[PDB]
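Structure first, commentary second.
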Amino acid sequence: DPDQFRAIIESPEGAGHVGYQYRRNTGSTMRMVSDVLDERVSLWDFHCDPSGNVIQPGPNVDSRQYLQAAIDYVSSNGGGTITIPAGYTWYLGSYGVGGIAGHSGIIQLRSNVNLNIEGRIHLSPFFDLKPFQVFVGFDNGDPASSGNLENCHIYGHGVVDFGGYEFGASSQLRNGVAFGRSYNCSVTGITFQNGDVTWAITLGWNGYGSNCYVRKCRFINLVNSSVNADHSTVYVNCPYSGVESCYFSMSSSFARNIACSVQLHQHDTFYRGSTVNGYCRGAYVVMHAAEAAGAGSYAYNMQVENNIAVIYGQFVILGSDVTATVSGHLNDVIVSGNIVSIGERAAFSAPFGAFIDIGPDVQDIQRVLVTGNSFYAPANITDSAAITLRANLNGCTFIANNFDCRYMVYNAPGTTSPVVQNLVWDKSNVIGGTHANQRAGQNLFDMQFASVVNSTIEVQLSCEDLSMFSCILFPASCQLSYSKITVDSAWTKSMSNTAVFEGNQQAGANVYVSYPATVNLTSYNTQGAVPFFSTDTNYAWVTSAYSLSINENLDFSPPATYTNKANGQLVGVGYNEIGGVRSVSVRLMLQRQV
Amino acid sequence: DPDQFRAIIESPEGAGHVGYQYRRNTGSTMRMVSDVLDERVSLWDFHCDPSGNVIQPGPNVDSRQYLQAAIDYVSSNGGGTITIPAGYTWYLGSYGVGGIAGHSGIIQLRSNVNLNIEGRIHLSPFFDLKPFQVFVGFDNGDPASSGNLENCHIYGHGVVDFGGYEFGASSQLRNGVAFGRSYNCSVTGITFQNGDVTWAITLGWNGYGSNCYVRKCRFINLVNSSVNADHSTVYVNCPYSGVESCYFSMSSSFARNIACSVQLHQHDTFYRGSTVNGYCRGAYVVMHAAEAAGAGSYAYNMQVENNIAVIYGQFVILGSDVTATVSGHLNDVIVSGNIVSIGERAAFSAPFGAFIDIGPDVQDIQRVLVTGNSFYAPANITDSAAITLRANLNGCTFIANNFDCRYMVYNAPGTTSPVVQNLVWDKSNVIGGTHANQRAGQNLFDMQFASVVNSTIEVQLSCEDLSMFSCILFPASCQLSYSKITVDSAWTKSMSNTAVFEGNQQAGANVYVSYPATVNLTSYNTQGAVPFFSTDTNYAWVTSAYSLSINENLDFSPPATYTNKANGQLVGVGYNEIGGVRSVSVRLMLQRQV
Amino acid sequence: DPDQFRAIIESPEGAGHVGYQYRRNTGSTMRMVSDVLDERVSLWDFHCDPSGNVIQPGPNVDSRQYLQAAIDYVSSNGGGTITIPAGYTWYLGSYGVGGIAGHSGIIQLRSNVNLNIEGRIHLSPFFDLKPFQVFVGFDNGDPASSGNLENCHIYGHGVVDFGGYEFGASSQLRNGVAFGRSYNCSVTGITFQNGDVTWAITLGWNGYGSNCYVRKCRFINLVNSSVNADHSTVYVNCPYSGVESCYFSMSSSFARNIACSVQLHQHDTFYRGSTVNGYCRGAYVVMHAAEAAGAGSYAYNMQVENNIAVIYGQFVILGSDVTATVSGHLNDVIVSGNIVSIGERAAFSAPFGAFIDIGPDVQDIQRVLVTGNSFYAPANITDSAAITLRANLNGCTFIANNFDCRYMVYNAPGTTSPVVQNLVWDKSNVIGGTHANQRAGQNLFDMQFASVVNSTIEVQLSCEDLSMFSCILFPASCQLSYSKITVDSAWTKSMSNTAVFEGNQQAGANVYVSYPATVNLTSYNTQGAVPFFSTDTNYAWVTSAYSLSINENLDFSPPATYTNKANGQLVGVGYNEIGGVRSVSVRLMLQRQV
Ligand SMILES: CC(=O)N[C@@H]1[C@@H](O[C@H]2O[C@H](CO)[C@H](O[C@H]3O[C@H](CO[C@@H]4O[C@@H](C)[C@H](O)[C@@H](O)[C@H]4O)[C@@H](O)[C@H](O)[C@H]3O)[C@H](O[C@@H]3O[C@H](CO)[C@@H](O)[C@H](O)[C@H]3NC(C)=O)[C@H]2O)[C@H](O)[C@@H](CO[C@H]2O[C@H](CO)[C@@H](O)[C@H](O)[C@H]2O)O[C@@H]1O
Ligand SMILES: CC(=O)N[C@@H]1[C@@H](O[C@H]2O[C@H](CO)[C@H](O[C@H]3O[C@H](CO[C@@H]4O[C@@H](C)[C@H](O)[C@@H](O)[C@H]4O)[C@@H](O)[C@H](O)[C@H]3O)[C@H](O[C@@H]3O[C@H](CO)[C@@H](O)[C@H](O)[C@H]3NC(C)=O)[C@H]2O)[C@H](O)[C@@H](CO[C@H]2O[C@H](CO)[C@@H](O)[C@H](O)[C@H]2O)O[C@@H]1O
Ligand SMILES: CC(=O)N[C@@H]1[C@@H](O[C@H]2O[C@H](CO)[C@H](O[C@H]3O[C@H](CO[C@@H]4O[C@@H](C)[C@H](O)[C@@H](O)[C@H]4O)[C@@H](O)[C@H](O)[C@H]3O)[C@H](O[C@@H]3O[C@H](CO)[C@@H](O)[C@H](O)[C@H]3NC(C)=O)[C@H]2O)[C@H](O)[C@@H](CO[C@H]2O[C@H](CO)[C@@H](O)[C@H](O)[C@H]2O)O[C@@H]1O
Ligand code: NA
Ligand code: NA
Ligand code: NA
Ligand code: NA
Ligand code: NA
Ligand code: NA
Ligand code: NA
Ligand code: NA
Ligand code: NA
């Protein structure tokens with residue numbers, strides 16, 4: 001049948017008739033060529049017209065149904081990896097159908113079906129002014145009724161290009177990859193670019209999912225208009241999941257005001273080793289009660305480490321909230337090894353610059369460690385703080401950071417009156433000098449709170465700034481109890497005010513406080529050991545004080561150390577070599593219970 | 001010969017007769033189809049019966065000999081990568097033969113032969129109740145006589161499933177990958193699951209090997225029975241080797257009592273960026289003298305950083321030991337950036353909770369830096385410590401950590417009496433408040449040692465805990481010399497005991513100590529400058545003291561500062577505006593040589 | 001035409017006549033075998049003689065033109081990935097031509113053309129004694145006229161072997177991969193070995209380039225002769241670029257004196273997670289004004305974290321410089337989590353050992369944070385320092401490090417006289433004890449500078465070292481102002497000198513200083529409250545002092561605290577129970593404005 005043989009060979013079954021054995025090894029399987037070819041699969045195997053003839057991709061070709069067919073087919077065989085070939089741009093030109101339609105989905109991902117994107121995937125103008133989620137892992141329009149997406153990995157050296165199209169309306173949503181209720185899924189190596197989107201990738205769905213990761217990806221120019229309501233490049237909404245070694249860049253002015261790189265919203269999540277430029281915000285670390293279904297109502301074991309950022313707003317934002325029925329809690333957080341600066345901008349030209357923000361809208365944030373970070377803002381940016389503490393806080397600890405910005409602790413007066421507990425600012429935090437001389441009328445630690453309890457503020461300057469009103473100021477409206485507040489004397493000799501308690505709160509029974517002050521004293525006339533007393537009676541709270549001044553006199557000396565008396569004078573015993581009433585003005589370290 | 005031509009084409013040599021040139025490029029090599037196919041290799045090329053017909057894998061098919069044949073064949077050509085295809089589960093049903101038999105080996109790995117596991121590898125019930133090591137890189141039953149395994153990489157999106165089978169006896173061993181005397185080997189991307197094993201991966205053999213790594217792997221439910229004697233998921237037994245970005249999870253109760261994620265046992269080894277849940281222990285960092293053959297008897301440059309863990313026992317365990325002939329030493333260790341909690345459990349229901357443990361069974365551990373970590377244990381877990389110091393220590397330094405647990409330093413009285421040198425607890429360690437009010441009868445730093453030398457403990461509270469017996473207590477049995485022990489006054493005003501030296505050890509010539517105390521004093525009756533003396537004679541050791549109390553009196557003041565006298569009284573000079581014997585009880589900061 | 005059919009099949013077009021459809025799927029594209037084969041490409045498709053017959057690689061075969069042809073061809077189709085097959089060594093035996101010739105180039109890389117190196121690439125002896133750059137991404141002999149290289153990735157399990165050939169002359173250059181003006185390029189997984197080269201990889205060109213990375217690579221024995229002038233394994237000369245998780249090893253003696261692992265020379269660059277053995281230096285972090293064209297004249301956001309190193313010289317070297325026209329600035333640097341030791345060597349046998357060096361040859365270095373690192377040098381290495389501060393510094397901050405070496409701060413007297421600003425050494429830096437008893441004639445902090453301003457040095461010992469001359473010494477030639485210098489008393493009771501100011505600089509108006517001293521005092525004879533005065537008149541600068549000694553006497557007590565008098569005596573009020581002139585020698589804490 002040698003006519004039939006030639007016909008068979010040229011037919012689509014022809015490769016199934018040509019035998020093969022690996023490297024002529026007689027111990028190897030006797031196969032057909034088609035068997036070996038069938039070990040791999042690409043978009044070319046599905047990118048064909050109804051008569052089976054291949055179609056070249058391009059801007060007038062909608063590749064969506066072909067990729068979907070490929071995905072569908074490989075899913076039917078228990079999975080595999082589909083290559084999107086290099087050297088070609090594959091345009092997407094229509095919405096998907098079925099369970100992804102509720103999500104404005106283009107492509108449905110399926111379990112165990114990996115995409116090796118080596119070429120480029122580009123959105124056609126069909127999508128201009130419309131919502132879209134390019135890859136969707138949900139299988140139901142209602143995520144609560146969705147099955148899971150498992151073991152789906154997107155990787156390669158290729159690109160997803162969003163076509164530069166602006167949002168049509170603020171209320172729209174746009175996404176690159178929504179993995180859905182996603183278990184062991186990942187994106188590695190891909191560049192996402194040239195868009196106006198809400199997110200590039202989302203992981204999980206309200207706590208459902210596990211072991212999802214974004215690694216070695218680039219995210220470039222993904223906000224481009226004033227219509228875009230909000231952008232967060234990666235939203236991590238399942239536990240045991242994270243972002244590592246990624247690069248995030250924006251150029252748009254709008255991004256400086258609206259864009260965040262990462263959301264960590266479930267327990268055991270991380271954001272590491274990544275570089276951010278041009279964004280408003282670095283990361284939110286948040287437990288929303290509305291997202292607590294899959295993994296509980298606590299966000300714990302949250303890690304933000306070893307990132308590099310230039311931002312215009314706030315680096316890390318901490319928060320939690322409630323619904324009628326569920327209480328969200330954020331605890332057990334570490335922020336460490338990050339090097340962050342506020343980019344060159346005018347004061348008040350973007351959201352208030354901060355390393356840590358305690359974001360408003362019942363919060364419960366505690367057990368946070370912020371350690372071994374650097375923060376810098378240029379000297380003109382009045383709105384820059386180590387922490388903007390703008391809502392209730394139940395604990396945050398700062399150790400061994402270097403903060404070089406306008407404020408250390410700040411909240412705006414007569415906005416919120418946060419209730420503050422367990423704010424620990426260790427003496428090993430180094431306060432930079434870039435804003436020296438810029439602080440007229442300002443308090444370095446401006447404690448504009450309802451109350452402060454169980455808190456520690458150990459102020460240590462590293463250079464002079466005599467422009468500042470005070471190192472630390474508590475308004476009379478702020479209650480202060482069971483706290484330690486100290487101001488180290490270095491670089492403070494010429495300051496009129498070091499610590500200010502406008503409500504005399506430092507007299508509290510369990511307030512432990514020390515700071516420098518200038519005190520005028522007068523002695524009795526007695527020759528010999530002689531008392532010196534303060535002229536003012538403002539010191540009923542002082543347990544001891546000691547001299548920070550030299551004694552220019554030969555004929556007498558004031559006391560080295562002082563106690564107080566019931567009338568609020570200080571008193572100490574000096575020495576009159578010759579008698580006479582003495583009158584001196586001395587710099588003292590005032591101490592209370594320390 | 002056109003009959004012969006058709007026959008040739010359908011034969012196993014047929015692809016070797018069909019010509020090919022890349023993309024019709026006339027400058028390309030004129031090849032045959034078989035040449036291009038021979039560029040890749042899969043298990044399908046060896047998974048055949050004796051007549052060459054392919055065999056489908058499945059639970060009634062033992063794939064072992066076929067994979068071994070593939071490995072053997074590729075090794076003969078100088079190496080390559082064998083694909084274990086996606087969409088299939090490949091069952092292993094028998095032991096291997098030869099040099100791996102001594103190791104209970106299933107598959108022998110060979111140098112330069114990589115395995116790309118995209119499908120699933122599952123153990124058949126043949127292995128129920130038996131020992132096994134799935135992949136073995138030794139080529140001799142005696143590892144000391146083994147050749148090396150070099151340049152062998154196992155990677156992909158696939159899975160090794162251990163079939164859920166329990167151990168048959170405690171004395172058995174079970175492993176996933178033993179690389180052997182392994183140089184430039186790695187496992188990346190693989191999920192190891194559903195087992196009862198000793199290890200999932202071991203790297204090296206008693207110091208022999210180099211540049212072995214486990215990256216982006218998952219390890220899930222690898223302990224399931226009470227028979228399992230001990231589990232450590234990755235054992236690193238060669239230098240210049242490590243674990244990074246991995247995920248470790250257990251669900252079994254037995255795992256909470258026996259399972260550790262990593263062993264770092266040779267120099268220049270690391271454990272980074274990984275997430276652990278459900279394990280007893282995080283990592284051992286140990287030099288066993290018995291393992292010192294390949295790389296010397298020092299474990300140095302050991303790094304445990306930026307991990308996330310929920311454990312039930314101890315995070316990092318430090319140790320070393322000796323044989324008759326060889327002395328093991330552990331030095332130059334860093335533990336940093338880790339965020340760790342003891343999981344919800346009853347007190348004493350698992351091994352004692354600790355961030356650092358100094359593990360018993362001559363140790364030599366020194367030059368350890370523990371910095372910028374968080375640790376948390378729930379308030380009910382009495383058995384929780386920043387360090388359980390249960391064997392000899394030659395040095396460990398703690399700086400800028402946040403420890404929130406029951407004890408800071410602990411050892412059980414009348415177990416061991418460790419000899420302690422160079423324990424440094426810097427003031428920048430922040431002590432959390434979760435266990436406040438839980439510490440009746442307990443010492444926060446319970447120094448239950450034979451001796452303490454060249455040590456620093458700078459206690460700083462961040463909130464009150466008046467339940468505790470003391471901040472720090474030394475029993476009379478503990479010698480204390482050439483040390484600094486300080487208790488900051490903040491939050492201590494109402495404590496009866498701050499530091500306790502049951503053997504009066506704070507009087508030592510080179511002991512530098514300060515802590516608060518209440519002292520009753522009486523003055524002479526003299527008007528004017530007047531001495532006040534303590535009623536008790538317990539202060540022969542005090543170099544100075546100063547007031548931590550206000551003076552409620554108008555008519556006199558006690559001294560601000562005090563020295564001592566030979567009889568052990570304190571003495572200072574106050575001021576009697578009017579004469580009369582005065583009697584006061586004051587809170588003082590007692591100081592010795594500081 | 002069945003003769004023609006058989007002929008066609010055996011021809012190079014034969015595979016283009018054999019039909020295929022994926023897995024017999026009738027919905028799949030009807031293709032030819034050649035179409036599926038054309039989805040991949042290897043060196044075999046170009047490694048052929050002029051008649052198209054394949055050539056086997058080997059030491060007598062020059063593979064260069066064949067690889068270049070492959071690269072060229074794939075570039076023409078918009079890119080792809082070329083495999084360099086496993087199981088073969090591919091020798092390079094000649095220079096390339098054209099635009100790479102100016103760079104001594106062998107292979108020209110092209111945009112979007114990736115190289116998957118699974119086999120070995122070896123240099124033939126043609127290259128002995130000659131310069132070479134194996135892979136070059138420039139397209140012009142003058143880099144300023146070069147186009148860019150974009151989207152080029154080199155990866156796999158293979159090896160580049162430099163053939164062991166020595167340099168022929170010091171003035172020559174040799175490189176593995178020069179990416180050129182390189183945007184989104186990377187090298188992953190490759191081992192570079194057995195050479196005498198200047199660099200293994202360079203990224204960027206004078207600030208031009210972006211998003212270039214070296215990951216999971218090994219670099220082994222890349223210096224082997226005394227001819228080699230200088231070696232730096234990776235030179236990062238574009239922003240948003242870095243090195244992570246790499247391994248660097250040298251065995252040569254010459255490497256201990258000349259070799260550095262990484263250069264970070266542009267903003268937003270990083271060096272993380274890597275292990276170094278046998279090198280002189282870890283990393284330079286430098287802004288050269290001569291390299292400022294592409295990305296500006298500031299190196300900012302520079303990160304060196306979580307590395308492991310054994311080196312013989314300096315870990316991190318900081319610098320900047322100028323040209324006639326351009327000023328380079330280095331700022332916003334973090335160095336954190338690194339564990340580093342000086343390898344076993346004789347004192348002065350290699351460049352001076354240091355954790356941080358401020359390298360000479362107008363510098364501008366500021367806003368540097370050095371935190372949470374360990375450093376160790378063996379006790380014999382006299383030339384070991386936490387910082388060698390050998391050129392001008394505008395700021396560096398040290399917090400919570402553990403430095404165990406001979407010096408903390410050092411500069412050699414009568415070499416440079418650096419101008420120092422904003423040097424911050426926080427009290428949380430722990431000073432190790434390995435060099436105790438080795439410091440005869442040495443100052444632990446040897447402040448051999450022109451001047452020191454706005455600086456903080458808080459010395460805290462952790463053990464005794466009475467061998468040292470002083471803890472800190474300022475020569476009379478060093479101006480000191482607006483600074484804080486403190487020496488904690490612990491472990492200092494027996495020291496003759498703690499802080500030394502050879503120019504009496506501690507008297508400065510804005511110098512804040514405290515340290516211990518022994519002081520002889522004499523009292524008046526008066527019974528009762530009685531003054532004690534120092535016999536020496538060296539204390540005009542002291543604001544207060546207090547006792548660090550016990551009082552062995554019953555009949556009197558010296559003052560607990562002292563002030564001074566205009567003549568430079570100290571004075572305080574003690575108590576004579578019985579009268580008589582008293583004479584005591586006491587250890588005091590001397591304080592000035594603190
Ligand atoms: C851009 C971004 O992520 N911003 C963060 C805030 O997130 C919140 O606003 C977003 C605005 O885009 C999201 O809401 C929008 O999308 C919702 C979800 O889309 C639906 O469900 C999807 C699964 C389908 O595919 C879609 O087709 C659609 O059906 C939609 O319901 C909203 O109407 C719309 O506005 C974001 O919603 C979350 O999206 C993730 C990712 O897709 C998804 O997994 C979640 O299910 C979904 N959550 C919920 C509850 O629906 C929404 O959360 C974020 O709130 C803010 C955190 O900071 C604030 O709150 C802190 C705690 O009080 C406080 O401290 C802080 O100061 C506050 O600013 O951070 C970013 O702004
Ligand atoms: C599970 C685990 O790793 N536990 C750690 C302890 O390791 C020790 O016990 C293990 C129990 O499973 C291992 O011993 C077992 O296996 C030995 C080796 O198997 C043989 O050799 C292999 C190469 C072959 O393939 C096998 O067929 C067989 O011939 C076997 O000899 C023992 O009888 C058996 O109990 C573990 O042994 C090491 O295994 C690694 C990995 O396979 C291998 O590379 C080494 O060669 C082998 N070492 C030796 C010396 O044989 C064995 O080390 C670990 O000791 C402990 C550390 O903490 C303790 O010690 C500290 C220092 O004193 C102390 O501070 C601390 O408090 C102590 O708890 O940590 C885990 O428990
Ligand atoms: C080995 C190394 O990298 N050493 C570091 C120092 O770099 C400087 O010396 C190098 C010696 O090899 C390089 O100069 C050499 O190469 C130059 C460039 O080659 C040319 O241009 C290439 C693009 C072509 O392919 C070549 O064919 C050739 O045309 C050449 O011009 C020089 O003559 C030659 O000596 C190195 O030069 C840089 O090389 C990189 C990587 O290839 C390239 O991207 C740059 O363009 C090129 N730069 C310049 C300006 O040409 C050259 O920089 C390095 O200077 C030192 C830093 O520390 C010192 O300076 C600090 C600041 O003052 C100071 O604090 C510190 O104490 C100092 O030691 O670090 C290493 O030693
Ligand atoms: Na929807
Ligand atoms: Na905390
Ligand atoms: Na209030
Ligand atoms: Na054995
Ligand atoms: Na240490
Ligand atoms: Na004892
Ligand atoms: Na050149
Ligand atoms: Na700094
Ligand atoms: Na000078």
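Letters for chains follow the order of the structure tokens (A, B, ...), residue numbers begin at 1 for each chain, and ligand numbers begin at 1 in the order shown.
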Could you list, as a PyMOL selection string, all protein and nucleic acid residues with an atom at most 9 Å from ligand 7, counting only C-alpha atoms and all ligand atoms?
chain B and resi 100-104+141-143
For chain C, list the residues within 6 Å of chain A, counting only C-alpha atoms, and write the list as a compact mmCIF listing (two decimals) with N, CA, C and O atoms, in the first residue's frame.
```txt
# COMPACT_ATOMS: atom_id res chain seq x y z
N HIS C 17 8.13 17.46 5.61
CA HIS C 17 7.09 16.69 4.92
C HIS C 17 6.36 15.61 5.76
O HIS C 17 5.48 14.91 5.24
N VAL C 18 6.76 15.41 7.02
CA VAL C 18 6.21 14.38 7.85
C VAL C 18 5.22 15.07 8.77
O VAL C 18 5.58 15.95 9.51
N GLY C 19 3.94 14.72 8.68
CA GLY C 19 2.96 15.53 9.42
C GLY C 19 2.89 15.15 10.91
O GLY C 19 3.26 14.06 11.28
N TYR C 20 2.37 16.05 11.71
CA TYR C 20 2.24 15.84 13.15
C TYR C 20 1.05 16.64 13.63
O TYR C 20 0.83 17.78 13.20
N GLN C 21 0.32 16.03 14.55
CA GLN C 21 -0.66 16.71 15.34
C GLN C 21 -0.53 16.25 16.81
O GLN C 21 -0.53 15.07 17.13
N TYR C 22 -0.45 17.23 17.68
CA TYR C 22 -0.24 17.01 19.08
C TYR C 22 -1.18 16.02 19.70
O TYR C 22 -2.41 16.23 19.68
N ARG C 23 -0.60 14.92 20.16
CA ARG C 23 -1.27 13.87 20.88
C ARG C 23 -2.51 13.36 20.13
O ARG C 23 -3.51 12.94 20.76
N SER C 28 -6.01 20.22 17.37
CA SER C 28 -4.69 20.80 17.25
C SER C 28 -4.24 21.14 15.85
O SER C 28 -4.75 20.59 14.87
N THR C 29 -3.25 22.02 15.78
CA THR C 29 -2.67 22.42 14.52
C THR C 29 -2.05 21.25 13.79
O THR C 29 -1.40 20.35 14.39
N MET C 30 -2.34 21.20 12.48
CA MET C 30 -1.72 20.22 11.62
C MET C 30 -0.38 20.77 11.19
O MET C 30 -0.30 21.73 10.43
N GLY C 78 14.14 37.52 16.36
CA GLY C 78 13.56 38.21 17.51
C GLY C 78 13.93 37.56 18.81
O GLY C 78 13.40 37.95 19.85
N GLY C 79 14.86 36.60 18.77
CA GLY C 79 15.41 36.02 19.96
C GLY C 79 14.90 34.63 20.27
O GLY C 79 14.16 34.02 19.51
N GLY C 80 15.35 34.12 21.41
CA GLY C 80 15.12 32.71 21.81
C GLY C 80 16.23 32.28 22.73
O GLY C 80 17.07 33.12 23.12
N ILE C 399 25.62 50.49 64.85
CA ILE C 399 24.67 50.09 65.88
C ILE C 399 24.61 48.56 66.00
O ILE C 399 24.46 47.88 64.98
N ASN C 454 30.76 66.29 65.62
CA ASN C 454 29.43 65.70 65.56
C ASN C 454 29.51 64.18 65.62
O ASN C 454 28.80 63.46 64.90
N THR C 543 32.16 68.73 85.21
CA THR C 543 30.89 69.26 85.70
C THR C 543 30.42 68.48 86.94
O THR C 543 29.84 69.06 87.84
N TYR C 562 30.98 65.07 93.48
CA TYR C 562 31.93 66.20 93.46
C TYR C 562 31.56 67.14 92.35
O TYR C 562 30.99 66.73 91.33
N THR C 563 31.86 68.41 92.55
CA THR C 563 31.87 69.42 91.48
C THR C 563 33.31 69.86 91.37
O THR C 563 34.20 69.16 91.85
N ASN C 564 33.55 70.96 90.69
CA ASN C 564 34.88 71.53 90.59
C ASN C 564 34.91 73.01 91.07
O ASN C 564 33.92 73.55 91.55
N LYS C 565 36.12 73.59 91.00
CA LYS C 565 36.40 74.97 91.40
C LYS C 565 37.23 75.56 90.26
O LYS C 565 37.81 74.85 89.44
N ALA C 566 37.32 76.86 90.28
CA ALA C 566 38.01 77.58 89.20
C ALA C 566 39.48 77.24 89.00
O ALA C 566 40.00 77.41 87.89
N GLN C 593 29.22 67.58 81.26
CA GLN C 593 27.96 67.91 80.61
C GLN C 593 27.04 66.76 80.31
O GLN C 593 26.12 66.93 79.56
N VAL C 594 27.31 65.62 80.98
CA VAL C 594 26.51 64.41 80.91
C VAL C 594 26.26 63.87 82.30
O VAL C 594 25.34 63.03 82.51
```
Residue contacts of residue 233 in chain B (12 Å, only C-alpha atoms) excluding same-chain residues fewer than 5 positions away, as a ChimeraX atom specification
/B:174-178,192-193,195-203,214,217-223,243,246-250,255,258-264,276,279-284
Strand (DSSP E) residues, from DSSP on the backbone, in range 412-511 of chain C, as a ChimeraX atom specification:
/C:419-421,423-425,430-431,443-446,451-453,456-459,470-474,479-481,483-487,499-501,511
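For the pair CA of residue 110 in chain A and CA of residue 140 in chain A, the interatomic distance is 12.5 Å.
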Using only C-alpha atoms and all ligand atoms, determine which residues fall within 6 Å of ligand 5, then list them as a VMD selection string.
(chain A and resid 367 to 369 396 to 397) or (chain B and resid 402)
Kindly work out which residues sit at most 6 Å from ligand 6, using only C-alpha atoms and all ligand atoms, and give the list as a list in words.
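What falls inside 6 Å of ligand 6 is residues 450, 451, 477, 478 and 479 of chain A.
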Set the cut-off to 12 Å, count only C-alpha atoms and all ligand atoms, and list whatever residues fall near ligand 9 as a PyMOL selection string.
chain B and resi 414+416-420+447-453+474-481+503+505
Test item: residues at most 9 Å from residue 171 in chain A, only C-alpha atoms, excluding those fewer than 5 positions along its chain, as JSON, numbers by chain:
{"A": [227, 228, 229]}
With C-alpha atoms retained, write the just-selected residues as a PDB file, in the first residue's frame.
```pdb
ATOM      1  CA  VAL A 227      -8.800  57.882  36.670  1.00  0.00           C
ATOM      2  CA  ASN A 228      -7.033  55.008  38.456  1.00  0.00           C
ATOM      3  CA  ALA A 229      -8.475  54.900  41.952  1.00  0.00           C
TER       4      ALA A 229
END
```
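We find CA of residue 93 in chain B and CA of residue 136 in chain B to be spaced 15.8 Å apart.
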Determine which residues of range 40-246 of chain C DSSP labels as alpha helix (DSSP H) from the backbone of this structure, then write them out as a PDB file with C-alpha atoms, in the first residue's frame.
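New file states14.pdb:
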```
ATOM      1  CA  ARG C  64      33.560  30.217  18.249  1.00  0.00           C
ATOM      2  CA  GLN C  65      32.283  30.913  14.743  1.00  0.00           C
ATOM      3  CA  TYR C  66      29.555  28.254  15.167  1.00  0.00           C
ATOM      4  CA  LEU C  67      28.219  29.737  18.396  1.00  0.00           C
ATOM      5  CA  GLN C  68      28.415  33.190  16.889  1.00  0.00           C
ATOM      6  CA  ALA C  69      26.426  31.982  13.866  1.00  0.00           C
ATOM      7  CA  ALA C  70      23.804  30.515  16.149  1.00  0.00           C
ATOM      8  CA  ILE C  71      23.522  33.763  18.136  1.00  0.00           C
ATOM      9  CA  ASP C  72      23.330  35.876  14.945  1.00  0.00           C
ATOM     10  CA  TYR C  73      20.638  33.667  13.455  1.00  0.00           C
ATOM     11  CA  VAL C  74      18.398  33.550  16.515  1.00  0.00           C
ATOM     12  CA  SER C  75      18.790  37.323  16.928  1.00  0.00           C
ATOM     13  CA  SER C  76      17.381  37.734  13.362  1.00  0.00           C
TER      14      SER C  76
END
```
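Straight-line separation from CA of residue 240 in chain A to CA of residue 212 in chain A: 7.2 Å.
For residue 591 in chain C, the set of protein, DNA and RNA residues having any atom at most 7 Å away, when counting only C-alpha atoms and skipping those fewer than 5 positions along the same chain, is residues 513, 514, 515, 542, 543, 544 and 545 of chain C.
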Who sits within 9 Å of range 318-325 of chain B, only C-alpha atoms, same chain under 2 positions skipped, as a list in words
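Neighbouring residues, sequence-local ones excluded: residues 283, 284, 285, 286, 287, 288, 289, 290, 299, 316, 327, 328, 329, 330, 356, 357, 358, 359, 360, 361, 362, 363, 364, 365 and 391 of chain B.
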